[PDB]
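Down below is the structure, laid out as structure tokens.
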Amino acid sequence: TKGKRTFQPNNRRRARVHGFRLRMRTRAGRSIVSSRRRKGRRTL
Amino acid sequence: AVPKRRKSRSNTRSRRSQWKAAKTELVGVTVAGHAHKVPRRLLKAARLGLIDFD
Amino acid sequence: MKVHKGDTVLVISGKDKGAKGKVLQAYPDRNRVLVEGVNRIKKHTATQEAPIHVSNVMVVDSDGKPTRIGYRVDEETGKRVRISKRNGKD
Amino acid sequence: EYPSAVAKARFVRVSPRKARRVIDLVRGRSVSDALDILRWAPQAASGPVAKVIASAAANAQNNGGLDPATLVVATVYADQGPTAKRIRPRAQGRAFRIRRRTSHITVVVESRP
RNA sequence: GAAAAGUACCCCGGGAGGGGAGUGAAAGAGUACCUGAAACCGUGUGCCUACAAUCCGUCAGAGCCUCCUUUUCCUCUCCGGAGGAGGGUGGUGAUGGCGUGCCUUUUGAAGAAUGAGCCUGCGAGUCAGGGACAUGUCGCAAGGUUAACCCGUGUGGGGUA
RNA sequence: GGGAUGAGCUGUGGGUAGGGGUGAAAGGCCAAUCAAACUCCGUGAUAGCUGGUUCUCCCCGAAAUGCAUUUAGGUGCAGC
RNA sequence: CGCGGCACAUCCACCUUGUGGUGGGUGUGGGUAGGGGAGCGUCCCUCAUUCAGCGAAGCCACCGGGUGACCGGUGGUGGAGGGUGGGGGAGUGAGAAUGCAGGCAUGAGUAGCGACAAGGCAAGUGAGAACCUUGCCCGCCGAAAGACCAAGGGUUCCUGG
Ligand SMILES: [Mg+2]
Ligand SMILES: [Mg+2]
Ligand SMILES: [Mg+2]
Ligand SMILES: [Mg+2]
Ligand SMILES: [Mg+2]
Ligand SMILES: [Mg+2]
Ligand SMILES: [Mg+2]
Ligand SMILES: [Mg+2]
Ligand SMILES: [Mg+2]
Ligand SMILES: [Mg+2]
Ligand SMILES: [Mg+2]
Ligand SMILES: [Mg+2]
Ligand SMILES: [Mg+2]
Ligand SMILES: [Mg+2]
Ligand SMILES: [Mg+2]
Ligand SMILES: [Mg+2]
Ligand SMILES: [Mg+2]
Ligand SMILES: [Mg+2]
Ligand SMILES: [Mg+2]
Ligand SMILES: [Mg+2]
Ligand SMILES: [Mg+2]
Ligand SMILES: [Mg+2]
Ligand SMILES: [Mg+2]
Ligand SMILES: [Mg+2]
Ligand SMILES: [Mg+2]
Ligand SMILES: [Mg+2]
Ligand SMILES: [Mg+2]
Ligand SMILES: [Mg+2]
Ligand SMILES: [Mg+2]
Ligand SMILES: [Mg+2]
Ligand SMILES: [Mg+2]
Ligand SMILES: [Mg+2]
Ligand SMILES: [Mg+2]
Ligand SMILES: [Mg+2]
Ligand SMILES: [Mg+2]
Ligand SMILES: [Mg+2]
Ligand SMILES: [Mg+2]
Ligand SMILES: [Mg+2]
Ligand SMILES: [Mg+2]
Ligand SMILES: [Mg+2]
Ligand SMILES: [Mg+2]
Ligand SMILES: [Mg+2]
Ligand SMILES: [Mg+2]
Ligand SMILES: [Mg+2]
Ligand SMILES: [Mg+2]
Ligand SMILES: [Mg+2]
Ligand SMILES: [Mg+2]
Ligand SMILES: [Mg+2]
Ligand SMILES: [Mg+2]
């Protein structure tokens, strides 16, 4: 682990962990998306 | 070792005035019927057309 | 506006106060009109008129003097006709 | 007193201290004597400083009708202009500031025997 | 800037930038633009400074420079102040004496204890309540005063619980 | 310099979550943070502690003692 | 002690004989924590009055004034709001918090300019060439410093500028 950094990008794992269809499965995630529409974020 | 105090206006100016360019001597050149001025170490090349006067 | 394209107008304030000219073009969303002969501009090439504010001209009533202008329902078409004050014509 | 001409050079991308090193050679000298001191000075600011003495000598001859053989650099100085700010990354996540300095250069040549 | 009338044309320059012209009431408003402070950075000029130990000031004090004025003289005399003598401002300060920064915190700090590179702007006893105690002051007075509420364009009039 | 056919190394996809995980066990590691992560809220947490608190003049002018104190660098009351 | 200015307490005289004023004695006037008294400057509102495109504010300089905070005059700059008096209300005064934001110094023309493959010349291009182009030479990698994918990146690719 010499030289290895924290962020290793992978676009399929950004979507399966943080994406829209995971947020919309639990009540905690619907309250996050409803609170980012309410603040006015362009990305949810 | 960092500086302990900022220098006063007198102490920074005395050092800074000794940063100055040494000018060079200029002698006279007539090539192609034109009076120019070159430094003396370039006098042979000025007489041979090797110096561009811009 | 109450000032139209074909109308002749009298300048009542400004540098060209007193000049009679006619409107060349009207700019309603700025309240400005172009009158021929007024505030000539020495523009550098590559003199014509500049627009003045509409509150500096008055419409001339075809009997000499300028006027504030009023309206009148013509009773036979149902559209208001722009009539003059101070002896009431057109 | 004497008939003169002014040329200014604004927003020259030369540091003002580096400009002042090369105008100390030519202060008070005549214009013919100053253009060839600045021709053979090895410093880079001697390029822009020479062109403003040259454009001051041109405005005296053209716009003033003055004799080119009688012109002298009467007044020269270098002010400063606006400074752009930059960032140089350093060790262990430090960031230092780099400054791009500019100069305003004024030349007043005057005609005198 | 009232209006873009945002600098035609000529010159120097590869450009950038400028100078002359021209516009405008004003470019001492030129798309880096209203007013344009201080720190900070130059150029010019007056005085001082290269045998002296300086919390950088203060009091004593010579000279030099500058600009105004008193007495005869250049008396061209209305002139001009022309030069000097006397006084007076303004600048500077050879030289002598005296002289241990500011804040905070301490028995006691110039302290080698703390905080402060500099300038500009901002940054700390306020407000509520028929509260409580004490007072200044005003109205009524053996009485004083209403609360919610009601009526009015309001700061006015009612309202005894 | 050690291991280098193994209790090996590695890729891809997956699983375990905060008094919880995971640990050939060092209180190691859990996004450069770990004797209880991060973020938002309670919230302007609280601090007998340290610091800061901004114009002027006039008149007067202390104390660092007693007693009590989970008290001794705090406070109440007396003294001034 | 002498001569002159100010302030406070007290006493003695009076003018509506303390709401006070004037005059004359004597006394007093270092001051931190802290207590009491009286004022200056900024801003907003109300009433009254007075300035201002024949130049308000703000700013800069010089000359003056007051016991202090501070004030006034005159001029320059500037372009639209101020001054005085009776009242009312304060986001009402900074030099310190390793305060916050912006601008700028000091260090200083100082350290550094990212591997130990290594560049040179001729010609060109252009205002400008150690670094760009072309040619030759020299050098370095060669289980990569060559050629391909994958993840990731996203127009960086090509042509003309
Ligand atoms: Mg009008
Ligand atoms: Mg890094
Ligand atoms: Mg031009
Ligand atoms: Mg011009
Ligand atoms: Mg004009
Ligand atoms: Mg103006
Ligand atoms: Mg500017
Ligand atoms: Mg400006
Ligand atoms: Mg000496
Ligand atoms: Mg000694
Ligand atoms: Mg001690
Ligand atoms: Mg003490
Ligand atoms: Mg200290
Ligand atoms: Mg010290
Ligand atoms: Mg320090
Ligand atoms: Mg071995
Ligand atoms: Mg090995
Ligand atoms: Mg082995
Ligand atoms: Mg655990
Ligand atoms: Mg242990
Ligand atoms: Mg970690
Ligand atoms: Mg815990
Ligand atoms: Mg709570
Ligand atoms: Mg607290
Ligand atoms: Mg006393
Ligand atoms: Mg105690
Ligand atoms: Mg007590
Ligand atoms: Mg005394
Ligand atoms: Mg006292
Ligand atoms: Mg006190
Ligand atoms: Mg004027
Ligand atoms: Mg104001
Ligand atoms: Mg003043
Ligand atoms: Mg004035
Ligand atoms: Mg003024
Ligand atoms: Mg005022
Ligand atoms: Mg008032
Ligand atoms: Mg008040
Ligand atoms: Mg305040
Ligand atoms: Mg300040
Ligand atoms: Mg500060
Ligand atoms: Mg800062
Ligand atoms: Mg050094
Ligand atoms: Mg070096
Ligand atoms: Mg390199
Ligand atoms: Mg070549
Ligand atoms: Mg080889
Ligand atoms: Mg390419
Ligand atoms: Mg391209």
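These numbers come from the heavy atoms of this one structure, side chains and all, not from hydrogens, waters or symmetry mates. Chain A is the first sequence line, chain B the second, and so forth, proteins listed ahead of strands; every chain is numbered from 1.
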Task: Base-pairing result for E:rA60 and E:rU95, Watson-Crick or G-U at under 3.5 Å - done: yes

Open item on the list: Please tell me whether E:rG63 and E:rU104 form a Watson-Crick or G-U wobble pair, using a cut-off of 3.5 Å on both distances.
Closed with: no

Open item on the list: If you count heavy atoms of other groups shown closer than 6.0 angstrom to CZ of D:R10, is the number above 12?
Closed with: no

TODO: Could I get the full list of side chain to side chain contact (heavy atoms under 4.5 Å, CB included) partners for A:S34, not counting sequence neighbours?
DONE: A:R38

Open item on the list: Strictly by Watson-Crick or wobble contacts shorter than 3.5 Å, is anything paired with E:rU43, and which nucleotide is it?
Closed with: none

- [ ] Evaluate E:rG6 against E:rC33 for Watson-Crick or G-U wobble pairing; both distances have to be shorter than 3.5 Å.
- [x] yes

Task: Any side-chain heavy-atom pair of D:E110 and D:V72 under 4.5 Å - done: yes

Open item on the list: What range of RNA chain E does chain C touch, first nucleotide to last, counting atoms under 4.0 Å from its heavy atoms?
Closed with: E:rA5 to E:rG24

Task: Nearest-0.5 Å distance, CD1 of residue D:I105 to CZ of residue D:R20 - done: 10.0 Å

Open item on the list: Taking any heavy-atom pair under 4.0 Å as a contact, classify A:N11: base, sugar-phosphate, or nothing.
Closed with: sugar-phosphate

Open item on the list: Counting only Watson-Crick and G-U wobble pairs whose two distances fall below 3.5 Å, is G:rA122 partnered with G:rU134?
Closed with: yes

Contact list (N/O, under 3.5 angstrom) for nucleotides 100-106 of chain G vs protein:
unit_1	atom_1	unit_2	atom_2	d
G:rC104	OP1	D:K85	NZ	3.1
G:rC104	OP2	D:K85	NZ	3.0
G:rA105	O2'	B:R6	NH2	3.1
G:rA105	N3	B:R6	NH2	3.2
G:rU106	OP1	B:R16	NH1	3.1
G:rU106	OP1	B:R16	NH2	3.3
G:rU106	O2'	B:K7	N	3.4

Would you tabulate the nitrogen or oxygen pairs shorter than 3.5 Å linking the protein to nucleotides 10-17 of chain F?
unit_1	atom_1	unit_2	atom_2	d
F:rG13	OP1	A:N10	ND2	2.9
F:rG13	OP2	A:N10	ND2	3.4
F:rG14	OP1	A:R16	NE	3.4

- [ ] Could you tell me whether the side chain of A:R30 and the main chain of A:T26 form a donor-acceptor pair under 3.5 Å?
- [x] yes

TODO: Answer yes or no: does atom CZ of A:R41 have more than 12 heavy-atom neighbours from other residues, nucleotides or ligands under 6.0 Å?
DONE: no

Open item on the list: Taking pairing as Watson-Crick or G-U wobble with both contacts under 3.5 Å, can you name the mate of E:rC118, or confirm there isn't one?
Closed with: G:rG103

TODO: Give a yes or no on whether E:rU105 and E:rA16 are a Watson-Crick or wobble pair, applying the 3.5 Å threshold to both distances.
DONE: no

Open item on the list: Less than 4.5 Å apart, side chain to side chain, heavy atoms only: is that true for C:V59 and C:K2?
Closed with: no

Task: A:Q8 atom CD: more than 12 heavy-atom contacts under 6.0 Å - done: yes

Open item on the list: If a pair has to be Watson-Crick or G-U wobble with both distances under 3.5 Å, does that hold for F:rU70 and G:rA96?
Closed with: no

Task: Mate of F:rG51 where both pairing distances stay under 3.5 Å, Watson-Crick or G-U - done: none

- [ ] Considering only atom P, compute the distance from G:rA61 to E:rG36 and round it to an integer number of Å.
- [x] 14 Å

Task: Within residues 18-38 of chain D: residues closer than 4.0 Å to RNA chain E (heavy atoms) - done: D:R20, D:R27

- [ ] With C1'-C2'-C3'-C4' as the criterion (positive north, negative south), name the sugar pucker of G:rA61.
- [x] north

Open item on the list: Using side-chain heavy atoms (C-beta onward) and a distance below 4.5 Å, is C:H4 in contact with C:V23?
Closed with: no

Task: Residue pair E:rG13 and E:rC34, Watson-Crick or G-U wobble, under 3.5 Å both - done: no

TODO: Tell me the partner of G:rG114, counting only Watson-Crick (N1-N3 plus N6-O4 or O6-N4) or G-U wobble (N1-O2 and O6-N3) with both under 3.5 Å; none if nothing fits.
DONE: none

- [ ] Syn or anti for G:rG112, please, going by whether the chi angle lies within 90° of 0.
- [x] anti

Open item on the list: Stacking test, G:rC141 against G:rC140: centre separation of the six-membered rings below 5.5 Å and plane angle below 30 degrees, yes or no?
Closed with: yes

- [ ] Answer yes or no: are there more than 12 heavy-atom neighbours, outside C:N87 itself, under 6.0 Å from its atom CG?
- [x] no

Task: Path from D:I37 to D:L71 over hydrophobic side-chain contacts below 4.5 Å - done: yes

TODO: For residues B:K23 and D:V26, determine if any side-chain heavy atom of one lies less than 4.5 Å from a side-chain heavy atom of the other.
DONE: no

- [ ] Drop me the distance from B:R9's CZ to B:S14's OG, to the nearest 0.5 angstrom.
- [x] 12.5 Å

Task: Any-strand Watson-Crick or G-U partner of E:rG108, both distances under 3.5 Å - done: none

Open item on the list: So G:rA123 and G:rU133, Watson-Crick or G-U wobble pair with both distances under 3.5 Å, or not?
Closed with: yes

Task: Who pairs with G:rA147 - Watson-Crick or G-U, where each distance is under 3.5 Å - done: none

Task: Verify stacking: G:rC40 then G:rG41, 5.5 Å distance, 30° angle limits - done: yes

Open item on the list: Need to verify one output field. Residue with the more 5' nearest nucleotide on RNA chain E, D:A9 or C:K15?
Closed with: D:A9

Task: Pairing between E:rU75 and G:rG35, Watson-Crick or G-U, 3.5 angstrom cut-off on both - done: no

Open item on the list: Counting neighbours of CZ on C:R40 that are heavy atoms of other residues, nucleotides or ligands and sit closer than 6.0 Å, is the number greater than 12?
Closed with: yes

- [ ] Between D:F11 and C:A50, name the one whose nearest nucleotide on RNA chain E is closer to the 5' end.
- [x] C:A50

TODO: Tell me what B:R9 touches on the nucleic acid: a base, only sugar-phosphate, or nothing, going by heavy atoms under 4.0 Å.
DONE: sugar-phosphate

Open item on the list: Please report the sugar pucker of G:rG78 as north or south based on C1'-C2'-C3'-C4'.
Closed with: north

Open item on the list: I'd like to know if F:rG13 pairs with F:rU71, where a pair means Watson-Crick or G-U wobble geometry with both distances below 3.5 Å.
Closed with: no

Open item on the list: In this structure, do the base rings of E:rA37 and E:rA38 stack on each other (centres less than 5.5 Å apart, planes differing by less than 30°)?
Closed with: yes

Task: Inter-nucleotide P distance (F:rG48, F:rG42), Å rounded - done: 24 Å

TODO: Report the base-pairing partner of G:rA9 (Watson-Crick or G-U wobble, both distances below 3.5 angstrom), or none.
DONE: G:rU26

Open item on the list: For the adjacent pair E:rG28/E:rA29, please state whether the pyrimidine-type six-membered rings satisfy a centroid distance under 5.5 angstrom and an interplanar angle under 30 degrees.
Closed with: no

Open item on the list: I need the CZ-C1' distance between D:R17 and G:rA108, as an integer number of Å.
Closed with: 6 Å

- [ ] Check the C1'-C2'-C3'-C4' sign on F:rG18 and let me know if the sugar comes out north or south.
- [x] south

Task: Base partner of G:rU77, which must satisfy Watson-Crick or wobble distances under 3.5 Å - done: G:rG58

Open item on the list: For the CZ atom of C:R72 and the OG atom of C:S84, what is their distance to the nearest 0.5 Å?
Closed with: 12.0 Å

Open item on the list: With the cut-offs of 5.5 Å between six-membered ring centres and 30° between planes, do E:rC74 and E:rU75 count as stacked?
Closed with: no

Task: Of residues 28-49 of chain C, the positions that come close to RNA chain E - non-hydrogen atoms, cut-off under 4.0 Å - done: C:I41, C:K42, C:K43, C:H44, C:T45

Task: Atom-to-atom span, CZ of D:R88 to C1' of G:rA111 - whole angstrom - done: 13 Å

